[PDB]
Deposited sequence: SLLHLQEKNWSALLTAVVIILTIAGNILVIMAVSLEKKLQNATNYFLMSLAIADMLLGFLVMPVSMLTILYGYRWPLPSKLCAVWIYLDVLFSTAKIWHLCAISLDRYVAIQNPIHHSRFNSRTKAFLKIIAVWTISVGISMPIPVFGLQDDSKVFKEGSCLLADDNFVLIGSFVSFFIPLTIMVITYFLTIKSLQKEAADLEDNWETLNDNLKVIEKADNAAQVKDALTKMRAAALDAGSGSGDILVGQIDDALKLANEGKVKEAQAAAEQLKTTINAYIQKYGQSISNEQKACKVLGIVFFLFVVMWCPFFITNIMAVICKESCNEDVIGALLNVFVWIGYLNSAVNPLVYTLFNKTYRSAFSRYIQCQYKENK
């Protein structure tokens, strides 16, 4: 029965922060026009997953702490509760994989509908992957009950579920995240190199005596312009003057290029610094999810490995606490957004003040 547990107070705090914080994310992305990009649409869908886990899954997990982990509800609600908990968590890990993969492809290939199609793809994969839990668990209580505790009792569901639904999207997430960091370092390197070629050839053109030196340096500025359209024509115009022997006039046009170079370099240069700042925030989201679920995932796999060897009473007691470190991850993504994005922080600040006009 009640059993007077004190855990309820702590668990309720986690539930409220989860619900309130993730509502603030869904409100920020629905309302604030500066957050209408594909990454932030994935972060809204991830917040729905986190909100639904706070509403449907977490109160029932608190409820079972209050009955000594004797399952208080009707018995066929056990497999439905486990299904939802695995679904919302599987959908969290395939979303973070999807962001990581989509940001990587978006560098190499330079729509709201396209994002929504991928979001719905991620949910449909999560609903399908998690589907053996109620299909087999509702026909056999031995798979979802252990000593009248509702938990995923089938060892083979836990191994193959952990590998297929939690290890392979973790693998893809960590590879595409590392390759994204290498991509943006190469892009900032290539733009330092193009800046050096433009700046060296401006100094050659201003020292120049003859039409050969200006035509040589403007041709090499054109090649360097072709790595980072407006300048290419502006270069060609000066090249034509140099071709007809108008050296001084071509030199005048090169200083006219200088103003356009300072403009286009710093614009491309500030867009790389934005992407790397954004990658770092997503990396903290990614880092916290792996770390806060790590004690539960490995213990649950170590339970299966030392099945008769280990104190399964102790193991089960750790899994009951380690599931709450992972539930606490639902509360942190909104905080991360406040700490590292002015747009979220200001949006949240306004919504707490009940003020919804952008």
Stretches with no C-alpha atoms in the model, relative to the deposited sequence starting at 1: 1-4, 115-121, 240-244, 375-376
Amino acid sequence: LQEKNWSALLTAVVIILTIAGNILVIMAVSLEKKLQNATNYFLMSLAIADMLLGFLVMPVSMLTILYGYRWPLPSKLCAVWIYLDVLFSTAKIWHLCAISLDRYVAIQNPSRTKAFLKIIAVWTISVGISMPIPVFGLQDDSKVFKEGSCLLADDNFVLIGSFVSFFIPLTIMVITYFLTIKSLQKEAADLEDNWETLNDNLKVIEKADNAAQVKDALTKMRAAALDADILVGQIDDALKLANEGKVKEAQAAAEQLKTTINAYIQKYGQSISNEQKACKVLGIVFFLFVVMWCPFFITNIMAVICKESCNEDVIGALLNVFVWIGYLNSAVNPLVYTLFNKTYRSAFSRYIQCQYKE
From here on, numbers count along this sequence of modelled residues.
Mean temperature factor over C-alpha atoms, higher-scoring stretch between 255-263 and 131-139: 255-263
Stretch exceeding the other in mean C-alpha B-factor - 236-244, 118-126: 236-244
Peak C-alpha temperature factor (PDB record), options 160, 282, 228, 184: 228
C-alpha B-factor winner, where the candidates are 45, 61, 311, 39: 311
Third of the chain, ranked by Cα B-factor, where residue 194 sits: middle
Residue 57 CA temperature factor, ranked by third within the chain: lowest
Chain thirds of CA B-factor: placement of residue 305: highest
Record-listed C-alpha B factor of residue 89: chain third: lowest
Residue 202 - which third its CA temperature factor falls in, relative to the rest of the chain: middle
